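K.L.:
My questions will all concern the structure given below.
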Protein chains: 2
Amino acid sequence: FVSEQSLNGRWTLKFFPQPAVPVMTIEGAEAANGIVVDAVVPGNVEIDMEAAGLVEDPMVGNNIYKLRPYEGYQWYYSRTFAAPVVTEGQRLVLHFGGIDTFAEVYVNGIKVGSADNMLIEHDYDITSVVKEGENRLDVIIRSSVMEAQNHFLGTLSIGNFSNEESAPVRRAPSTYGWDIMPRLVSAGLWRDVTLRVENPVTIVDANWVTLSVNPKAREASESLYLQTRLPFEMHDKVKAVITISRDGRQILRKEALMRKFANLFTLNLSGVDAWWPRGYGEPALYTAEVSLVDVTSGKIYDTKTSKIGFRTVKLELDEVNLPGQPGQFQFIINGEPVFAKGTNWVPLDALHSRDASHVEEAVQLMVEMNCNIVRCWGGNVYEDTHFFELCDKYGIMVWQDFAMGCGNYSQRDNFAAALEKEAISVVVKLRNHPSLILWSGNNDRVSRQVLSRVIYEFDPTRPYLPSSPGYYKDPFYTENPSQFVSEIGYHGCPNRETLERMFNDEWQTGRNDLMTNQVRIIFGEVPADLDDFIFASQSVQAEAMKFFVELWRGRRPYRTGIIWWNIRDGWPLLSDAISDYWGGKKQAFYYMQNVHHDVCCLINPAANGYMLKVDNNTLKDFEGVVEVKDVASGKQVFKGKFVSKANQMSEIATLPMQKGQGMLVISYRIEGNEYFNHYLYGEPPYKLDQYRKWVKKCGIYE
Amino acid sequence: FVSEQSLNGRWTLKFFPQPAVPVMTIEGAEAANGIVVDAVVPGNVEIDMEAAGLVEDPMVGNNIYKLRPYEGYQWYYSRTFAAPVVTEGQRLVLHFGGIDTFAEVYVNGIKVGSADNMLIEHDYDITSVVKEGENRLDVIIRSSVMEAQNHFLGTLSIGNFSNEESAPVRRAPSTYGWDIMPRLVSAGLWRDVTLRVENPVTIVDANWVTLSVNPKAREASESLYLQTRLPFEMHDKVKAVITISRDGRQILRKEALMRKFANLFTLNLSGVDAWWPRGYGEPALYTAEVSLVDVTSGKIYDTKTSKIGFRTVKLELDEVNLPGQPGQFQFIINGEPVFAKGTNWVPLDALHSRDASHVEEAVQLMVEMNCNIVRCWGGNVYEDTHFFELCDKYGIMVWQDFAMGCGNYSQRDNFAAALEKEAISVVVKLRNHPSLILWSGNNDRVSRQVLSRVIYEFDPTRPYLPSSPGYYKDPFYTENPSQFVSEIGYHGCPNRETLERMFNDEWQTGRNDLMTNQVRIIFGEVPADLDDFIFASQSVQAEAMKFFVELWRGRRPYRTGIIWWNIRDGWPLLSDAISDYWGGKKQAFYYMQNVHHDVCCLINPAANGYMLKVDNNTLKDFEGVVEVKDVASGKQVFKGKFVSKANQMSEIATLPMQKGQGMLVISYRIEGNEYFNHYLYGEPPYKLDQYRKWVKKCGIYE
């Protein structure tokens, strides 16, 4: 964009209870009896009120329930802005990255738009209403909860675990409450507000599509679907300048005279690397830039730049074993069947204006874990562009769920038009990121028509799948027929430092019972000491998660992927996450890390023994040695060389059954690098002090 | 509702020919040159004009054809009403139970609505337009026939037996003419007009769904889908009070704090009886009441009460014998396959404001007949709530056809939006009646999309079936393959008292020939005497109907149901009904009554004799004796005991073929109760005097 003048910073926020007739004008907003405080954009209204000392910190104890009255409040944002320089023919666009949710937008007392979706951007042409000098921007938000009473719900929209208030509105269903995730509806301008100046000649969209890729020949066929705004007097007088580069070095430069507003450019490239997920290769990214330049004067009218990756994606459905069942598929990246291992992406923060501050660390948790895939939960908002940029950079594939609740939705025209608008917005915005590999829904009007037609018309290169949503050794897990398990979870108690900071009735804020259960089956009794209960509850979560991934990794090539719930909490809570809201890595995080390795030696239970395997999630063969040794006595159970064939599971040896309870060490070395693992044999209940000494003498985990 | 002030009574009706430009304003209505007369609401405009002596009685002779000019007239209803007490926050709703059809509704000279469907209710919020003191209500109806010329018809909408004027409008197709049913379009406010006052806290809908039922254990799982209007200041401060009772005794009382506007309550009940159709058990009904009560003050904001029945319905489709053919299904009520026997429901009156006055007696005709099912014809209007209440009370299942004509309809957006609005209105209004068991239609845009999507979203507990629409011993009836015959009919001449009251050209008002035919095949010659022709024509209809039901009852379990056309006339006419418009029971009515018994001994023709059967449409076993005796000579053909197994047909004996013509008596006694039947053997033509003596000496029918 020619000019991007930010409107972030200090605004004026006036809040008041919403009357029977909602306030939708500036006159009623300034006449209403309310409280005026300073606000920060981007932000949440609860953050502004806590800065004013009007609400307590909702992250401690039961303070979150004290935000209940504000769900029926209205929120009046207002600020003054200076009008940027607009010459004749240019357009001034007021850009909202996120309005939660129902609001009337005014510029100089003139309504410029009416917003009704918190998950998509909002752009309003304010060229004709802006004035010279000081201008006025007013946004009057009304109660999201009360808007639901403007709709009549179908039978199948009531009673589902999704809140009925979430059914007729386009908002993140998690904000209304889920499992233990607490109700925090909130409101406000939770993303950037900016002013954009566009030339009469401008780029509307630049769609990059990888037609084909030959990784060995270092070649790729890349298409550019360029749509521009082009006055006819500029036809045959503007040229498009396409530039592909990597690390400063220019790979390709193509110029073409713009004779029409929409064009397709096919670039056959040489000496370019393919984009691969983690383990299967390098996440090669190339800077793709297109510019509209005047042929005579050289004036640059617009320029769009993004980092793309040459990659092809295909979902291979298995119709021989369980045809059409959830999980009977496998991702084919660059013609190679990949094994998916990763986490489900939950909200990063109940106050979603703080999501961007957590994106960096949260994605890094997947890097240390070595996740090659991540499934963004449909109950959460759509993450912004920077999240996908990090997944592009670190080679983490993205499975994107369209925002839906666990329960049926409307089948009428009004809700379909709102979902089509949302789908077209999200698809066009994200369809150029190589990390994104799959759209997912869940004649049901939303998934089997509206979302499918949008993908068919705006993203034909990605698959669209409308489906797939006590003792960890129970047949419930060990005899699951799903080639690709999606949401597998287990509860763990957060670290003591997180407990003493977030905090009976406070712990409840049968799920808390589930914690005490799992410790009894594994360790016999519930430890009276708090520190002993934390280590025991975290060790149960650690072994259970490790067992799940090792099971799927060891049953390849039938098993094709495993996504687990989850990697990080979005609120200081007692849940199934392996890392809490403040960055505390629980005991499970380290157990899984030694199993998500590119080449991992593991043990699976066998009929008359233990099966020592080695899994390879790369495209190269590896040689090494592996040594199995009982922890307690130190006896060597197995030691020998192994060949890890590329992109497959390899069986090494069948170990004899050990006596009673105990632990085995897995010491294997690859190319001079030492890697470590373990296997808990025997039958529960175990002695907690014995399991503690096994971990300590193993010398792997603290 | 807090206040229901009726607006029924005397109105002011001004009628005039509709100009080229239809009158749609109060100013043009009062300026038009017309006639002003007193009117009665609810009513039909023809009834008001006959009270003024302006039209003759359209029930005598050819007077109905003199109402032709009024089809192009406009009708201007007008009255004054006092405004009920409305406090701050309350809503005043003007309720129309039925506007026929196209009208502009004005309150104090301000248009509050525009109506375009005579089959559904119309509600308009007149809170902002009502004034203190005397108010004005004006309804300007225009010509329904002329509105059709505002549409272009498809090829398949022209030429069908449905009138082309009925295709593009939402009106009862019967009003335009059907078979001999005469054309009487009519107009007016044919149902109640009332004023309703709603609190800010009010009940929008209370959907009762029987999830499951265990008749033996006297248990049932009942769900309540409650949708309310709830100001946020009332959240957590209003409670819902649910009460299930029967005959004053309270069965269940549940209270729940209203924390959101829409909720699902599941009630697991004990000591409750299931609802059964006639014969299969008791029509147990329970008073289900929900109220919104202020937790502090105890103020009752709203209360909705209705009688429900714990019942489950399933349509078992036969895909082995004739897969997908009409009639190859059977109703499963409470897990039991039921045998359906009943009548088709035609209009109760061509002037439909008189329907409510006939509902009581008409439903009683099905009670004396012992019908356990009734199919409301799609050419008729949707009956009101009281009709379904009587079917709930007397255990008569209801098969509801969506209002459609025999012929294809439009496939464009305008007609689909009008039908979706009508379907959503009718379904939400009737989905709580236990007697209702089936919705029926007939990629055809109406049945295979619009109606189906409405049922899927607003009534998932009931089946939706888009289909099934000379000598009575001709193979045309005796070799019909339909397990469930739906519209089986036969003509009979009404009683003499009905002829001398309704009345060549008058009798015509080849169908009248059909009467003279059927008497010739059965009795040889056409009786010259009128009384002799009436008895002969009614006896033909009586034996033919009796034969049809006995055929289906005797071929169970393959045959699953039989609905016959029809039980009652809606106008003094010569038709196939077994009871005329003035309540006169024709000879067929009594023949069918002795065959619709819960346990009926009957005879079916066999290959080399007669098959003596006993049918059981209950869930209990019965023992008795049966005696067969020839009428003319008095010889005993058969006598012995029989065991009637529950809910099945049982063969008793194969009787030898009797000589020549004659009649058999069927004298069977069950639990000390005497029941009677007969069988006409031989081959037509018969002597009418001989058949008369057979009936007289049989001692069953007068």
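Each chain of the structure tokens is named A, B, ... in the order shown, its residues numbered from 1; ligands are numbered from 1 in display order.
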Give the residues of chain A that lie within 9 Å of chain B; count only C-alpha atoms, and format the answer as a PDB file with C-alpha atoms, in the first residue's frame.
P.N.:
ATOM      1  CA  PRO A  17     -25.442  -1.055  29.961  1.00  0.00           C
ATOM      2  CA  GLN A  18     -27.216  -1.738  26.693  1.00  0.00           C
ATOM      3  CA  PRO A  19     -30.810  -0.418  26.743  1.00  0.00           C
ATOM      4  CA  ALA A  20     -33.841  -2.313  25.450  1.00  0.00           C
ATOM      5  CA  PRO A  69     -22.472  -8.020  33.805  1.00  0.00           C
ATOM      6  CA  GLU A  71     -21.650  -9.094  28.557  1.00  0.00           C
ATOM      7  CA  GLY A  72     -24.749  -6.900  28.296  1.00  0.00           C
ATOM      8  CA  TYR A  73     -22.776  -3.660  27.943  1.00  0.00           C
ATOM      9  CA  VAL A 145     -25.013 -12.039  23.615  1.00  0.00           C
ATOM     10  CA  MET A 146     -28.156  -9.971  23.058  1.00  0.00           C
ATOM     11  CA  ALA A 148     -28.636 -13.850  19.423  1.00  0.00           C
ATOM     12  CA  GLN A 149     -32.190 -13.025  20.511  1.00  0.00           C
ATOM     13  CA  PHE A 152     -34.987 -18.194  16.017  1.00  0.00           C
ATOM     14  CA  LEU A 153     -32.931 -21.352  16.473  1.00  0.00           C
ATOM     15  CA  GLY A 154     -33.505 -24.739  14.922  1.00  0.00           C
ATOM     16  CA  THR A 155     -33.883 -27.819  17.080  1.00  0.00           C
ATOM     17  CA  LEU A 156     -30.357 -29.072  16.341  1.00  0.00           C
ATOM     18  CA  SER A 157     -28.839 -25.704  17.335  1.00  0.00           C
ATOM     19  CA  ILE A 158     -30.007 -26.049  20.963  1.00  0.00           C
ATOM     20  CA  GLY A 159     -28.535 -28.425  23.531  1.00  0.00           C
ATOM     21  CA  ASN A 160     -25.183 -28.976  21.836  1.00  0.00           C
ATOM     22  CA  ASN A 163     -23.455 -22.277  23.572  1.00  0.00           C
ATOM     23  CA  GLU A 164     -26.776 -21.351  21.977  1.00  0.00           C
ATOM     24  CA  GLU A 165     -25.593 -17.730  21.946  1.00  0.00           C
ATOM     25  CA  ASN A 408     -25.492 -28.274  13.738  1.00  0.00           C
ATOM     26  CA  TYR A 409     -26.087 -24.765  12.403  1.00  0.00           C
ATOM     27  CA  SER A 410     -28.747 -22.949  10.401  1.00  0.00           C
ATOM     28  CA  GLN A 411     -29.793 -24.051   6.909  1.00  0.00           C
ATOM     29  CA  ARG A 412     -31.352 -20.730   5.829  1.00  0.00           C
ATOM     30  CA  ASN A 443     -27.005 -31.709   2.473  1.00  0.00           C
ATOM     31  CA  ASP A 444     -25.874 -29.813   5.610  1.00  0.00           C
TER      32      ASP A 444
END
K.L.:
Find the residues around residue 62 in chain B up to 12 Å (only C-alpha atoms counted), leave out those fewer than 2 positions away in its own chain, and share them as a list in words.
P.N.:
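So the residues in contact are residues 56, 57, 58, 59, 60, 64, 65, 66, 67, 68, 182, 183, 502, 503, 504, 505, 506, 507, 508, 509, 572 and 573 of chain B.
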K.L.:
Which residues come within 6 Å of range 13-16 of chain B, counting only C-alpha atoms, excluding same-chain residues fewer than 2 positions away, as a PyMOL selection string?
P.N.:
chain B and resi 34-39+73-77
K.L.:
Could you please take those selected residues and save N, CA, C and O atoms as a PDB file, in the first residue's frame?
P.N.:
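Final file, part_23.pdb:
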ATOM      1  N   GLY B  34     -68.220   2.048  -3.465  1.00  0.00           N
ATOM      2  CA  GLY B  34     -68.611   0.711  -3.061  1.00  0.00           C
ATOM      3  C   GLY B  34     -69.799   0.668  -2.120  1.00  0.00           C
ATOM      4  O   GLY B  34     -70.462   1.685  -1.892  1.00  0.00           O
ATOM      5  N   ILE B  35     -70.071  -0.511  -1.565  1.00  0.00           N
ATOM      6  CA  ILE B  35     -71.190  -0.738  -0.657  1.00  0.00           C
ATOM      7  C   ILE B  35     -70.629  -1.057   0.721  1.00  0.00           C
ATOM      8  O   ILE B  35     -69.693  -1.855   0.847  1.00  0.00           O
ATOM      9  N   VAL B  36     -71.200  -0.437   1.750  1.00  0.00           N
ATOM     10  CA  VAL B  36     -70.766  -0.624   3.130  1.00  0.00           C
ATOM     11  C   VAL B  36     -71.830  -1.423   3.866  1.00  0.00           C
ATOM     12  O   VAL B  36     -73.009  -1.049   3.866  1.00  0.00           O
ATOM     13  N   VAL B  37     -71.413  -2.530   4.487  1.00  0.00           N
ATOM     14  CA  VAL B  37     -72.302  -3.400   5.245  1.00  0.00           C
ATOM     15  C   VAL B  37     -71.604  -3.807   6.535  1.00  0.00           C
ATOM     16  O   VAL B  37     -70.387  -3.678   6.680  1.00  0.00           O
ATOM     17  N   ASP B  38     -72.397  -4.309   7.478  1.00  0.00           N
ATOM     18  CA  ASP B  38     -71.856  -4.882   8.701  1.00  0.00           C
ATOM     19  C   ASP B  38     -71.237  -6.245   8.419  1.00  0.00           C
ATOM     20  O   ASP B  38     -71.707  -7.002   7.563  1.00  0.00           O
ATOM     21  N   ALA B  39     -70.171  -6.558   9.151  1.00  0.00           N
ATOM     22  CA  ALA B  39     -69.450  -7.810   8.978  1.00  0.00           C
ATOM     23  C   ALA B  39     -69.178  -8.440  10.336  1.00  0.00           C
ATOM     24  O   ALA B  39     -69.205  -7.772  11.373  1.00  0.00           O
ATOM     25  N   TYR B  73     -63.508  -8.535  -6.683  1.00  0.00           N
ATOM     26  CA  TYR B  73     -63.823  -7.450  -5.766  1.00  0.00           C
ATOM     27  C   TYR B  73     -62.713  -7.262  -4.737  1.00  0.00           C
ATOM     28  O   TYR B  73     -61.898  -8.154  -4.492  1.00  0.00           O
ATOM     29  N   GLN B  74     -62.696  -6.079  -4.131  1.00  0.00           N
ATOM     30  CA  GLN B  74     -61.850  -5.795  -2.983  1.00  0.00           C
ATOM     31  C   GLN B  74     -62.709  -5.709  -1.728  1.00  0.00           C
ATOM     32  O   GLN B  74     -63.906  -5.416  -1.796  1.00  0.00           O
ATOM     33  N   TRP B  75     -62.090  -5.969  -0.579  1.00  0.00           N
ATOM     34  CA  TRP B  75     -62.805  -6.056   0.688  1.00  0.00           C
ATOM     35  C   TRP B  75     -62.054  -5.242   1.730  1.00  0.00           C
ATOM     36  O   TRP B  75     -60.891  -5.532   2.027  1.00  0.00           O
ATOM     37  N   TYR B  76     -62.721  -4.232   2.281  1.00  0.00           N
ATOM     38  CA  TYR B  76     -62.111  -3.263   3.187  1.00  0.00           C
ATOM     39  C   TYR B  76     -62.709  -3.461   4.576  1.00  0.00           C
ATOM     40  O   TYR B  76     -63.782  -2.933   4.883  1.00  0.00           O
ATOM     41  N   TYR B  77     -62.012  -4.228   5.411  1.00  0.00           N
ATOM     42  CA  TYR B  77     -62.386  -4.365   6.811  1.00  0.00           C
ATOM     43  C   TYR B  77     -61.896  -3.162   7.599  1.00  0.00           C
ATOM     44  O   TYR B  77     -60.812  -2.632   7.341  1.00  0.00           O
TER      45      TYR B  77
END
K.L.:
Compile the contact shell of range 493-499 of chain A as a ChimeraX atom specification: residues with an atom at most 10 Å away, counting only C-alpha atoms, same-chain residues fewer than 5 positions apart removed.
P.N.:
/A:507,512,515-516,530-531,533-541,572-587
K.L.:
With only C-alpha atoms as the counted atoms, please give the residues lying no more than 9 Å from residue 25 in chain A, apart from itself and same-chain residues fewer than 6 positions off, as a list in words.
P.N.:
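Here the answer would be residues 104, 106, 109, 111 and 140 of chain A.
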K.L.:
Can you spit out the residues from that selection as a PDB file, in the first residue's frame, using N, CA and C atoms?
P.N.:
ATOM      1  N   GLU A 104     -21.375  -0.219  14.677  1.00  0.00           N
ATOM      2  CA  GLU A 104     -21.662   0.774  13.617  1.00  0.00           C
ATOM      3  C   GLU A 104     -20.441   1.697  13.540  1.00  0.00           C
ATOM      4  N   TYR A 106     -18.545   5.019  12.199  1.00  0.00           N
ATOM      5  CA  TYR A 106     -18.829   6.375  11.752  1.00  0.00           C
ATOM      6  C   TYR A 106     -17.527   7.124  11.510  1.00  0.00           C
ATOM      7  N   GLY A 109     -19.265  11.657  11.647  1.00  0.00           N
ATOM      8  CA  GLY A 109     -20.702  11.584  11.818  1.00  0.00           C
ATOM      9  C   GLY A 109     -21.459  10.907  10.699  1.00  0.00           C
ATOM     10  N   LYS A 111     -22.106   7.279   8.747  1.00  0.00           N
ATOM     11  CA  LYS A 111     -21.900   5.842   8.861  1.00  0.00           C
ATOM     12  C   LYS A 111     -21.211   5.317   7.609  1.00  0.00           C
ATOM     13  N   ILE A 140     -19.429   2.106  17.595  1.00  0.00           N
ATOM     14  CA  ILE A 140     -20.387   1.787  18.650  1.00  0.00           C
ATOM     15  C   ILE A 140     -20.673   0.292  18.586  1.00  0.00           C
TER      16      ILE A 140
END
K.L.:
Quick one: everything within 8 Å of range 627-631 of chain A, counting only C-alpha atoms, minus sequence neighbours fewer than 4 positions away in the same chain. Send it as JSON, numbers by chain.
P.N.:
{"A": [635, 636, 637, 638, 639, 640, 662, 663, 664, 665, 666, 667, 668, 694, 697, 698]}
K.L.:
Write out as number ranges by chain which residues come within 6 Å of range 558-565 of chain B when counting only C-alpha atoms, dropping same-chain ones fewer than 2 positions away.
P.N.:
B: 330, 339-344, 483-489, 552, 555-556
K.L.:
Using only C-alpha atoms, which residue out of A:551, A:632, A:258, A:185 lies closest to residue 611 in chain A?
P.N.:
A:551
K.L.:
Any chance you could list, as a count of residues only, the residues in range 45-126 of chain A that come up alpha helix (DSSP H) when DSSP is run on the backbone?
P.N.:
7
K.L.:
Rank nothing, just name the residue among A:147, A:671, A:529, A:46 nearest to residue 350 in chain A, using only C-alpha atoms.
P.N.:
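Of the candidates, the smallest distance to residue 350 in chain A is held by A:46.
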K.L.:
As a list in words, please: every residue in range 354-558 of chain B that DSSP puts in strand (DSSP E or B).
P.N.:
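The strand (DSSP E or B) residues within range 354-558 of chain B come out as residues 373, 374, 375, 376, 397, 398, 399, 400, 401, 436, 437, 438, 439, 440, 441, 464, 465, 466, 484, 485, 486, 487, 488 and 489 of chain B.
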K.L.:
Save the residues we just selected, N, CA and C atoms, as a PDB file, in the first residue's frame?
P.N.:
ATOM      1  N   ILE B 373     -56.256 -43.075  12.381  1.00  0.00           N
ATOM      2  CA  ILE B 373     -55.415 -42.200  11.574  1.00  0.00           C
ATOM      3  C   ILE B 373     -56.323 -41.353  10.693  1.00  0.00           C
ATOM      4  N   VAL B 374     -55.815 -40.204  10.259  1.00  0.00           N
ATOM      5  CA  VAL B 374     -56.546 -39.294   9.382  1.00  0.00           C
ATOM      6  C   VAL B 374     -55.528 -38.492   8.587  1.00  0.00           C
ATOM      7  N   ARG B 375     -55.706 -38.446   7.270  1.00  0.00           N
ATOM      8  CA  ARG B 375     -54.778 -37.759   6.379  1.00  0.00           C
ATOM      9  C   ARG B 375     -55.398 -36.447   5.918  1.00  0.00           C
ATOM     10  N   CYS B 376     -54.848 -35.333   6.394  1.00  0.00           N
ATOM     11  CA  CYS B 376     -55.355 -34.019   6.016  1.00  0.00           C
ATOM     12  C   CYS B 376     -54.916 -33.680   4.594  1.00  0.00           C
ATOM     13  N   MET B 397     -54.154 -40.625  15.021  1.00  0.00           N
ATOM     14  CA  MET B 397     -52.936 -40.132  14.393  1.00  0.00           C
ATOM     15  C   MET B 397     -53.271 -39.239  13.203  1.00  0.00           C
ATOM     16  N   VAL B 398     -52.388 -38.284  12.929  1.00  0.00           N
ATOM     17  CA  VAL B 398     -52.615 -37.278  11.899  1.00  0.00           C
ATOM     18  C   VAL B 398     -51.487 -37.352  10.880  1.00  0.00           C
ATOM     19  N   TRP B 399     -51.856 -37.566   9.622  1.00  0.00           N
ATOM     20  CA  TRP B 399     -50.942 -37.525   8.489  1.00  0.00           C
ATOM     21  C   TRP B 399     -51.189 -36.198   7.782  1.00  0.00           C
ATOM     22  N   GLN B 400     -50.238 -35.275   7.894  1.00  0.00           N
ATOM     23  CA  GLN B 400     -50.415 -33.911   7.410  1.00  0.00           C
ATOM     24  C   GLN B 400     -49.718 -33.733   6.067  1.00  0.00           C
ATOM     25  N   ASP B 401     -50.497 -33.414   5.037  1.00  0.00           N
ATOM     26  CA  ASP B 401     -49.953 -33.039   3.739  1.00  0.00           C
ATOM     27  C   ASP B 401     -49.658 -31.544   3.736  1.00  0.00           C
ATOM     28  N   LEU B 436     -49.913 -35.882  15.554  1.00  0.00           N
ATOM     29  CA  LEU B 436     -49.180 -35.700  14.308  1.00  0.00           C
ATOM     30  C   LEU B 436     -48.028 -36.694  14.230  1.00  0.00           C
ATOM     31  N   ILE B 437     -47.935 -37.414  13.109  1.00  0.00           N
ATOM     32  CA  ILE B 437     -46.966 -38.500  12.997  1.00  0.00           C
ATOM     33  C   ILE B 437     -46.171 -38.433  11.700  1.00  0.00           C
ATOM     34  N   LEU B 438     -46.602 -37.604  10.748  1.00  0.00           N
ATOM     35  CA  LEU B 438     -45.952 -37.618   9.442  1.00  0.00           C
ATOM     36  C   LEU B 438     -46.208 -36.321   8.689  1.00  0.00           C
ATOM     37  N   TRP B 439     -45.143 -35.748   8.133  1.00  0.00           N
ATOM     38  CA  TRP B 439     -45.229 -34.684   7.145  1.00  0.00           C
ATOM     39  C   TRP B 439     -45.074 -35.287   5.757  1.00  0.00           C
ATOM     40  N   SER B 440     -45.786 -34.720   4.789  1.00  0.00           N
ATOM     41  CA  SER B 440     -45.795 -35.295   3.454  1.00  0.00           C
ATOM     42  C   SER B 440     -45.787 -34.198   2.403  1.00  0.00           C
ATOM     43  N   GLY B 441     -44.937 -34.365   1.391  1.00  0.00           N
ATOM     44  CA  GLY B 441     -44.944 -33.533   0.211  1.00  0.00           C
ATOM     45  C   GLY B 441     -45.319 -34.350  -1.014  1.00  0.00           C
ATOM     46  N   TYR B 464     -40.645 -37.553   7.163  1.00  0.00           N
ATOM     47  CA  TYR B 464     -41.093 -36.731   6.046  1.00  0.00           C
ATOM     48  C   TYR B 464     -41.055 -37.579   4.787  1.00  0.00           C
ATOM     49  N   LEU B 465     -42.229 -37.797   4.212  1.00  0.00           N
ATOM     50  CA  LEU B 465     -42.316 -38.662   3.020  1.00  0.00           C
ATOM     51  C   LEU B 465     -42.763 -37.812   1.841  1.00  0.00           C
ATOM     52  N   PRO B 466     -41.888 -37.494   0.875  1.00  0.00           N
ATOM     53  CA  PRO B 466     -42.314 -36.776  -0.347  1.00  0.00           C
ATOM     54  C   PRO B 466     -42.907 -37.787  -1.323  1.00  0.00           C
ATOM     55  N   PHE B 484     -50.001 -49.969   1.722  1.00  0.00           N
ATOM     56  CA  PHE B 484     -50.752 -48.904   2.384  1.00  0.00           C
ATOM     57  C   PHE B 484     -51.516 -48.146   1.302  1.00  0.00           C
ATOM     58  N   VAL B 485     -52.792 -48.470   1.126  1.00  0.00           N
ATOM     59  CA  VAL B 485     -53.621 -47.743   0.173  1.00  0.00           C
ATOM     60  C   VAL B 485     -54.085 -46.451   0.833  1.00  0.00           C
ATOM     61  N   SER B 486     -54.099 -45.361   0.068  1.00  0.00           N
ATOM     62  CA  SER B 486     -54.216 -44.032   0.652  1.00  0.00           C
ATOM     63  C   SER B 486     -55.530 -43.334   0.332  1.00  0.00           C
ATOM     64  N   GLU B 487     -55.953 -43.319  -0.932  1.00  0.00           N
ATOM     65  CA  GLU B 487     -57.164 -42.597  -1.336  1.00  0.00           C
ATOM     66  C   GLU B 487     -58.045 -43.545  -2.140  1.00  0.00           C
ATOM     67  N   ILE B 488     -58.777 -44.405  -1.441  1.00  0.00           N
ATOM     68  CA  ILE B 488     -59.672 -45.364  -2.074  1.00  0.00           C
ATOM     69  C   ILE B 488     -61.104 -44.888  -1.861  1.00  0.00           C
ATOM     70  N   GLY B 489     -61.876 -44.815  -2.945  1.00  0.00           N
ATOM     71  CA  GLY B 489     -63.167 -44.153  -2.890  1.00  0.00           C
ATOM     72  C   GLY B 489     -64.217 -44.810  -3.759  1.00  0.00           C
TER      73      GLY B 489
END
K.L.:
What does the structure give for the distance between CA of residue 379 in chain A and CA of residue 174 in chain A, in Å to one decimal?
P.N.:
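Atom-to-atom, CA of residue 379 in chain A to CA of residue 174 in chain A, that is 5.1 Å.
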K.L.:
Quick check, in Å to one decimal: how far apart do CA of residue 206 in chain B and CA of residue 427 in chain B lie?
P.N.:
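Atom-to-atom, CA of residue 206 in chain B to CA of residue 427 in chain B, that is 12.9 Å.
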